[PDB]
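Line order of the protein sequences matches chains W and S.
The opening residue of the first sequence carries number 227 in the UniProt record's numbering; numbering runs sequentially from there.
The opening residue of the second sequence carries number 283 in the UniProt record's numbering; numbering runs sequentially from there.
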Amino acid sequence: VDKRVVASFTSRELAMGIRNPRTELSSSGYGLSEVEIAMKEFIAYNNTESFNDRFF
Amino acid sequence: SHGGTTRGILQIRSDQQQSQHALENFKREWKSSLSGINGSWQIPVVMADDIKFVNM
Numbered sequence: 227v228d229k230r231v232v233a234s235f236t237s238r239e240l241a242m243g244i245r246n247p248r249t250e251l252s253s254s255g256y257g258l259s260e261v262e263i264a265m266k267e268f269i270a271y272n273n274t275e276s277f278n279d280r281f282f
Numbered sequence: 283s284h285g286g287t288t289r290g291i292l293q294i295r296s297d298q299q300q301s302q303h304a305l306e307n308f309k310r311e312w313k314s315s316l317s318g319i320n321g322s323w324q325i326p327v328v329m330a331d332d333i334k335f336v337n338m
């Protein structure tokens, strides 16, 4: 929190669950959000919504 | 990959062509007022002798 360690846990005390695993070495065991993959599409959506709203 | 996608040419015409300096600060007047989402619904007023747009 605020880029300082406020707590620590063993494998016994905390679960981690990931749906979209990767073998990629630099993935470092983290997942992969569809929000990351689709981010361009979400931005394009937001822009087209703002465009249509800005008529009014 | 290689084409000209250019929609058309905006022909502005008067007794003589603008200097390059005049034309580049007209480009600044244009982009600061009309580009992107920020400019998206504004209309320029221009008082040239004649204005034409050629569809290519």
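Quick reminder that beta carbons are idealized off the backbone N, C-alpha and C, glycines included.
Cβ-Cβ distance between residue i and residue j below 8 Å
i: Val336(S); j: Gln293(S); result: yes
i: residue 167(W); j: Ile291(S); result: Here chain W comprises residues numbered 227 to 282, so residue 167(W) is not present and cannot be evaluated.
i: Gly255(W); j: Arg245(W); result: no
i: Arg280(W); j: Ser322(S); result: yes
is_contact[residue i, chain W] using C-beta, thresh 8 Å
i: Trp312(S); result: no
i: residue 340(S); result: Nothing can be reported for residue 340(S), as the shown portion of chain S is limited to 283 through 338.
Sheet register partners of residue i (DSSP bridge)
i: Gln293(S); result: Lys334(S)
Interface flag, residue i vs chain S, CB-CB below 8 Å
i: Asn273(W); result: yes
Beta-carbon neighbours of residue i, restricted to chain W and to distances below 8 Å
i: residue 275(S); result: The structure shown does not extend to residue 275(S), since chain S is modelled only from 283 to 338, so the question has no answer here.
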